[PDB]
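There are 2 protein chains.
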Amino acid sequence: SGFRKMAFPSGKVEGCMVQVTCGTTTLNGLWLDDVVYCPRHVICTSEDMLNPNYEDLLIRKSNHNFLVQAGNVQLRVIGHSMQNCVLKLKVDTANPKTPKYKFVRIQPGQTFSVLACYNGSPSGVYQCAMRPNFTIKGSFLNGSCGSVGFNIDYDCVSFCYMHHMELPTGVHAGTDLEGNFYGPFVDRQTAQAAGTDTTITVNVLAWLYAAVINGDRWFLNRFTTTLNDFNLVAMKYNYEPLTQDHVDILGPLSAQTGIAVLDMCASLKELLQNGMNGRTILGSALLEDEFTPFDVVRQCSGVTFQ
Amino acid sequence: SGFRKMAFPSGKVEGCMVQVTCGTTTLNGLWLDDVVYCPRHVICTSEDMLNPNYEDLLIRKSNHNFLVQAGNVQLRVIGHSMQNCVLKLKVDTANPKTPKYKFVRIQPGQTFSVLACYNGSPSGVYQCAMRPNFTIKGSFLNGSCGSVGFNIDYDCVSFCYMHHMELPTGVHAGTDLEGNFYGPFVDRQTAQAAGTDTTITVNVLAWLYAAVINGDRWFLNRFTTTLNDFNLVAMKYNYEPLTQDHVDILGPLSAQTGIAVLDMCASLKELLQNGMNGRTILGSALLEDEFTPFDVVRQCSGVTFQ
Ligand SMILES: CC(C)(C)OC(=O)Nc1cccn([C@H](CC2CC2)C(=O)N[C@@H](C[C@@H]2CCNC2=O)[C@H](O)C(=O)NCc2ccccc2)c1=O
Ligand SMILES: CC(C)(C)OC(=O)Nc1cccn([C@H](CC2CC2)C(=O)N[C@@H](C[C@@H]2CCNC2=O)[C@H](O)C(=O)NCc2ccccc2)c1=O
Ligand SMILES: [Cl-]
C-alpha cells in the first residue's frame, strides 16, 4: 500500500535526448529514427523572441547552421523543415535507442511525466497534469526548452508535450510533437493570458477512491447527491463539471470500494463547503487533482513496462 | 522557475533490474557486474516469514534453485551467499548495462529516488526521504520487494535502499545494499514499532528558501530568533533540533536570498505556532520536508547527469 505522485520510468526517453545549437541558442531535441524535433525558437536571438518572423528567420539558416550532439556524438543534418512551432532536422543516422513510440495530443486534465533536460542531458523526472487552461505547473530553467512530456504503455512511449516557454505568471506552455500549442499560446515573448484555471473534478474523485483503498476513510459521510446538485457546488468552487463519461470512467473504483460515485461526490461536496478542518488525505492538506482514474488503477494494481 | 518533487532519471537503474524466483516466491533483483542482489526473504514461503531461520532455509537451496531472468534472458547462477538481509547470486555474465555505481548508507533526512518494480519490470519512479525513524512512506504492492532507492552524481549511481517490507502501519522498511536494515527492523512478519517520527527541520528550511527563490514570500516576517529559542519550538512540534551543521549547509541559500538562516527560523516558528491560515507555499498546504538543501540547489540551478 501507500500512494505517491509517480512518474514513468524515463530510460526510453533519456536515450532520445540530444542538444541542438543554432547560432547563440542551445536547447534540447528529441531524436527518433532519423529526425530530431526541437522548438523552432532555437533559431531566435533574445531580440528576435520579442516579435519573431519565423519564416524569415529560418530562410537565413542552412542545414550546417544546426549543431546536433547526442552525448559527445555530432549528428549530420541533411534536411530541415518547420511544422507549426517545431523544427524537424533530418539527420543521416537513425537513433539506435529509438523506442516504440507515438505522437499524441492529450486532453486537458490528462497526466504525463516530464523529463527536465539541460544541454541534451536529463536532470529530473516528475508527473504533472495538463491544466484545464492548457498550462502546466512545471520546474523549468534556462536551457530546458525542448524537454518532453510522455506516457508509457508497456513498450510504447506516447510523446504528448514539448516545452516552449514560461509565461510571465511563472506557469509553462508548450506544444504536441506536431508543434501545435496546447491552449492559446504563441512562441513570442509577450504578455499572454492563460485564462481561468479550474480543478480537475474526475481526478480529485479518483484520488479520493485511492485514499479509501489505502485506509484514509475519515471524509466518507452519511450523504449522497445528484449530478446537478454536485455541479452547482463544482461551479461555485471552480471545479470542472462532472459528466456521465466521468462517472463511467470511475466505475471500476466504485465497484472495488462499494462507494457509489454520487456518494463520493457528496463527500467531495462536504470537503469543498467545510474544508479539511486541519486534517490530511494521503499526506495532502488540499484536494489533489494530478491523478487520473487510469493513474489510480495502475498504481493500485502495480502495472509495469518492459 | 517552478518547484517540483523531482526524481532522478531512472534509465541507469532500469538496465540493472531482474526477476528472481526461488520456489514459490518472485521479486526483484539488482544486477551489477556478475552479481545479483535481492532480499534474502526470496527463499521463504508465507509460513516461513512468520519466524524464519534464514541460515537453515538457505542450506536447503542450491545455485540451480535461484531462477534469475533479465528481460527474457535466463542468467546462470554459479554462486550464492547471504550478507546480512541480502542474497548475492554470482552469475556467469557481467551486466553489459552496469552503470558506474557505489553502495552508500544514507543518513536519516536524506532523500533518494525509488524505482518501483514488479517481476523485474520498472513501473514508476518517485522521490522520498528516509524518515528520522528510518522508515519510508512509499508506494509498494506485492512483488515490489527488491525495488531500489538511489541518487545520481553525473554518471555515478549511488544505491542506498532495497525494499524489504511493509510494517502493519503501512510504512516501508528496507536495507542498504550490504543488507543492513535502516532502523530497528527485521525481515520477519511480526509487529515492529518504528517509534516517534519527526519533521526534518533543515529540509523544511531549504524548501522555504526554494519558495522565496520562486517568489512565494508571504510567510517572511519582521522577526528573528536564536538557535536555542527555535529548538524550544522545534521540540514542541516534533521537529528535529537544528544544529550549526544545518545552518552551515543552508549558507548558500541564505547568501542568494539575503535571508539570515535565523530569520528564516523565525518565519518557520511563526508558521508552526500560527499555521498556514488557509494559504499555500509552492502549492502545498503543509510544511514540506522531502527536499534537502542539496536538492534545492540542484533544482534551482538545473544540474544534469549524462
Ligand atoms: C535573471 C533570472 C530571473 C534568474 O533569469 C532570467 O530572466 N532568465 C531568462 C530570461 C529570458 C530568457 N531566458 C531564456 C533564454 C536565454 C536568454 C537567452 C529562456 O527563456 N529559456 C528557456 C525557457 C524558460 C526560461 C525560464 N523558464 C523557462 O521555461 C528555453 O530553454 C529557451 O531556449 N527559450 C528560447 C529563447 C531564446 C532567446 C530569448 C528568449 C527565449 C532566461 O532564462
Ligand atoms: C489482500 C490484500 C490486502 C490486497 O493484500 C495482502 O494482504 N497482501 C499481502 C499479504 C501478505 C504478503 N504479501 C506479499 C507476499 C505474498 C503473499 C505471498 C508481500 O509481503 N510482498 C512484498 C512486499 C509488501 C506487500 C505489500 N507492500 C509491501 O511492501 C514483497 O514483494 C515480498 O516478496 N515479500 C516477501 C514475503 C514472502 C512471503 C510472505 C510474506 C512476505 C502480500 O502482498
Ligand atoms: Cl498539501
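So the protein sequences, as listed, match chains A and A'. A prime marks a further copy of an entry chain. Heads up, the first sequence is in the entry's author numbering, so the first residue is 1 and it goes up one at a time. Heads up, the second sequence is in the entry's author numbering, so the first residue is 1 and it goes up one at a time. Built from N, CA and C at the ideal position, the CB exists for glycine as well.
Terminal residues of the continuous beta strand (DSSP E) containing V86/A'?
Start at 1 with the first residue of the second sequence, and residue 86/A' comes out as number 86. 86–91 is the span of the beta strand (DSSP E), which, as asked, contains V86/A'.
Does the Cβ of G143/A' lie closer than 7 Å to at least one heavy atom of ligand 2?
Here the question's residue 143/A' lines up with position 143 in the second sequence. Yes.
Inter-stretch contact (C-beta, 8 Å, three-pair minimum) for the stretch 6–25 of chain A' and the stretch 35–44 of chain A'
yes
Just to check my reading of the structure: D197/A and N151/A have Cβ atoms closer than 8 Å, yes? What is that Cβ distance to the nearest angstrom?
In the first sequence, counting from the first residue as 1, residue 197/A sits at position 197. In the first sequence, counting from the first residue as 1, residue 151/A sits at position 151. Going by Cβ atoms, the distance from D197/A to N151/A rounds to 22 Å, so no, they are not a contact pair.
Check this for me: beta carbons of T304/A and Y209/A', under 8 Å apart or not?
Reading the first sequence from its first residue, position 304 is the one you call residue 304/A. Reading the second sequence from its first residue, position 209 is the one you call residue 209/A'. No, Cβ-Cβ distance for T304/A and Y209/A' is not below 8 Å.
Let me check you understand the geometry: is the CB of residue 307/A' closer than 7 Å to at least one non-hydrogen atom of ligand 3?
The structure shown does not extend to residue 307/A', since chain A' spans only 1 to 306, so no value can be given for it.
Compile a chain-ordered list of the residues in the stretch 88–122 of chain A' whose CB is closer than 9 Å to at least one CB of chain A.
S113, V114, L115, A116, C117, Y118, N119, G120, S121, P122
For a test of your reading of the model: does the CB of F140/A' fall under 7 Å from any non-hydrogen atom of ligand 2? Yes or no.
Taking the first residue of the second sequence as position 1, residue 140/A' is located at position 140. It does: the Cβ of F140/A' is within 7 Å (strictly closer) of some heavy atom of ligand 2.
Status (buried if at least 16 other CB within 10 Å, exposed otherwise) for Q244/A'
As a working mapping, residue 244/A' is identified with position 244 in the second sequence. Classification for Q244/A': exposed.
Closer than 8 Å, CB to CB, is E14/A' near chain A or not?
On the second sequence, residue 14/A' is found 14 positions in, with the first residue counted as 1. At least one chain A Cβ lies under 8 Å of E14/A'.
Report yes or no: is there a C-beta of chain A within less than 8 Å of the C-beta of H64/A'?
Taking the first residue of the second sequence as position 1, residue 64/A' is located at position 64. Cβ-Cβ to chain A under 8 Å: no for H64/A'.
Which of the three DSSP states, helix, strand or coil, is assigned to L67/A'?
On the second sequence, position 67 is the one that residue 67/A' refers to. DSSP places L67/A' in strand when its eight states are reduced to three.
Contact with chain A' by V125/A, beta-carbon distance below 8 Å:
Numbered from 1 along the first sequence, position 125 holds the residue referred to as residue 125/A. Chain A', which has a Cβ nearer than 8 Å to the Cβ of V125/A, makes this yes.
Could you run through the stretch 22–54 of chain A' and flag, in chain order, every residue whose CB is less than 7 Å away from some CB of chain A?
none
Are there any heavy atoms of ligand 1 lying less than 7 Å away from the beta-carbon of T257/A', as far as the coordinates show?
Residue numbering aside, residue 257/A' sits at position 257 when the second sequence is read from its first letter. Result no, Cβ not under 7 Å from ligand 1.
Own chain, CB closer than 6 Å to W207/A', minus 5 neighbours either side, in chain order:
Counting from 1 along the second sequence, the entry for residue 207/A' is found at position 207. So the list reads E288, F291, once near-sequence residues are dropped.
In terms of DSSP beta bridges, what is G79/A paired with?
Position 79 of the first sequence, counted from the start, is the residue given in the question as residue 79/A. DSSP, once it has assigned bridges, lists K90/A as partnering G79/A.
Which same chain residues, not among the five before or five after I249/A', have their C-beta less than 7 Å away from its C-beta?
For the purposes of this step, residue 249/A' is identified with residue 249 of the second sequence, where counting begins at 1. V202, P293.
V68/A' to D187/A' span [Cα, whole Å]:
The sequence position of residue 68/A' within the second sequence is 68, counting from 1. The sequence position of residue 187/A' within the second sequence is 187, counting from 1. Taking the straight line from one Cα to the other gives about 22 Å.
If you run the structure through DSSP and keep just helix, strand and coil, what is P132/A?
For the purposes of this step, residue 132/A is taken as the residue at position 132 of the first sequence. The answer is coil: DSSP assigns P132/A none of H, G, I, E or B.
Residue(s) in a DSSP beta bridge with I152/A':
Counted from its first residue, the second sequence places residue 152/A' at position 152. BP columns for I152/A' point to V157/A'.
Minimum Cβ-Cβ distance from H172/A to chain A' less than 8 Å
Along the first sequence, one-based indexing puts residue 172/A at 172. Taking Cβ atoms only, chain A' reaches closer than 8 Å to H172/A, which makes this a yes.
So, for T169/A: in the same chain, excluding its five sequence neighbours on each side, which residues have a beta-carbon less than 8 Å away from its beta-carbon?
In the first sequence, counting from the first residue as 1, residue 169/A sits at position 169. Around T169/A: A194.
Which term fits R60/A, buried or exposed, when burial requires 16 or more other beta carbons within 10 angstroms of its beta carbon?
Taking the first residue of the first sequence as 1, we reach residue 60/A at position 60. Result: exposed.
Considering only the beta carbon of each residue, do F8/A and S121/A sit closer than 8 Å?
If you number the first sequence from 1, residue 8/A lands on position 8. If you number the first sequence from 1, residue 121/A lands on position 121. It is not a contact, given that the beta carbons lie outside the stated cut-off.
Is it the case that the CB of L286/A approaches a heavy atom of ligand 3 more closely than 7 Å?
On the first sequence, position 286 is the one that residue 286/A refers to. Yes; taking the cut-off as 7 Å, the Cβ of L286/A has a heavy atom of ligand 3 nearer than that.
Taking the alpha-carbon positions, what's the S10/A' to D229/A distance?
Sequence index remark: in the second sequence, residue 10/A' carries index 10 (1-based). Sequence index remark: in the first sequence, residue 229/A carries index 229 (1-based). Computed Cα separation, rounded: 45 Å.
Could you tell me the boundaries of the beta strand (DSSP E) in which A173/A lies?
Counting from 1 along the first sequence, the entry for residue 173/A is found at position 173. Here the beta strand (DSSP E) through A173/A covers 172–175.
Which listed residue (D34/A', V42/A', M49/A') has its alpha carbon closest to that of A191/A'
Working through the second sequence from its first residue, we reach residue 191/A' at position 191. The residue with the shortest Cα to Cα distance from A191/A' is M49/A'.
Assess, as a yes-or-no matter, whether the stretch 78–88 of chain A' is touched by the stretch 171–178 of chain A' under the definition of 3 or more beta carbon pairs within less than 8 Å.
yes
For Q306/A' and chain A, any beta-carbon pair shorter than 8 Å?
Numbered from its first residue, the second sequence carries residue 306/A' at position 306. Output row for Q306/A': interface = yes.
Cut-off 6 Å between Cβ atoms - residues of its own chain near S1/A, not counting five sequence neighbours on either side:
Indexing the first sequence from 1 puts residue 1/A at position 1. Excluding sequence neighbours, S1/A sits near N214.
Distance cut-off 7 Å: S121/A' Cβ against heavy atoms of ligand 5
Ligands in the displayed structure: ligand 1, ligand 2 and ligand 3; ligand 5 is not one of them.
Can you pull the chain A' residues whose beta carbon is under 7 Å from the beta carbon of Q19/A, in chain order?
Counting from one through the first sequence, the residue named residue 19/A turns up at place 19. In chain order: nothing, as chain A' lies at least about 11 Å away.
CA-to-CA distance, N65/A to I78/A, given in whole angstroms:
As a working note, residue 78/A is residue 78 in the first sequence. As a working note, residue 65/A is residue 65 in the first sequence. Their Cα atoms are separated by approximately 11 Å.
Any heavy atom of ligand 1 inside 7 Å of the beta-carbon of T25/A?
On the first sequence, residue 25/A is found 25 positions in, with the first residue counted as 1. Yes, the Cβ of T25/A comes within 7 Å of a heavy atom of ligand 1.
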